[PDB]
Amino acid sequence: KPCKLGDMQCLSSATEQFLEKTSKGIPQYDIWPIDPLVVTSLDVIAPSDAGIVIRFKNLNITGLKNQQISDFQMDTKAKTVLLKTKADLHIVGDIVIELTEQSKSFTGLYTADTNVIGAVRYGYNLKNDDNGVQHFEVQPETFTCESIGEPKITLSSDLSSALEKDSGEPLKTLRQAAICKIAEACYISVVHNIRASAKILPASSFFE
């Protein structure tokens, strides 16, 4: 069902609604599964020390079906979109904490329960079908990680036991950066799906 140009509140729901309905995928439309969302790997540099690298593998992320689109601005002369969200993400994956300057690494599992608030911005333009029908075309966006709330992080006990036995923010800052990096991959994926719906439906569809 269409919105009426201008009504920002109408949109957020259409999107949330799109995200939930399609969130497990639809290959033929290039709509990616985003709940659960799988990230093959993601690397993260310690902000307080570039010799320290967190290597995530197999991140499995749930929660994105349900995120709220709590703010939605479409500017028509500049043709750009600002939008804010919150997701409660449950994250699980393999982790390798790599201390490059010490020639060692520690391995195990990682789990993070966090509520993330962010901002996606992109511009867009109008463009035609082969039949001359107009679609929106959404352009490469940027993602700003506005906050991560107060995360719960757990390390598998083999790892946390290895860490303790070795040392027997940077913290804050490192924990923050990992969540933001992960949130960022999450939203590259969200917007991919927004971008994809825009290919699947005439611009006319999205407003009255």
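Quick note: we count residues from 1 along the sequence shown, nothing fancier.
A.B. asks: What stretch has the higher average Cα B-factor here, 139-147 or 153-161?
C.D. replies: Higher of the two, by average CA B-factor, is 139-147.
A.B. asks: Quick one: higher average CA temperature factor, 41-49 or 169-177?
C.D. replies: Mean C-alpha B-factor is greater for 169-177.
A.B. asks: In terms of recorded Cα temperature factor, pick the maximum from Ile54, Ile34, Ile69, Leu59.
C.D. replies: Comparing C-alpha B-factors across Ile54, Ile34, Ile69, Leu59, the maximum falls on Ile69.
A.B. asks: Out of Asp113, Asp75, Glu101, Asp94, whose C-alpha atom has the biggest B factor in the entry?
C.D. replies: Max CA B-factor in the entry, restricted to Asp113, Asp75, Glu101, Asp94: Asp75.
A.B. asks: Mind checking which third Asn125 falls in for C-alpha B-factor across the chain?
C.D. replies: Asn125: CA B-factor falls in the highest third of its chain.
A.B. asks: Pull the Cα B-factor of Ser23 out of the PDB entry and bin it into the chain's lowest, middle or highest third.
C.D. replies: CA B-factor rank for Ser23: middle third.
A.B. asks: Mind checking which third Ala14 falls in for C-alpha B-factor across the chain?
C.D. replies: As the PDB entry reports it, the C-alpha B-factor of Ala14 lands in the highest third of its chain.
A.B. asks: Sorting the chain's modelled residues by C-alpha B-factor, tell me whether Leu109 ends up in the lowest, middle or highest third.
C.D. replies: Lowest third.
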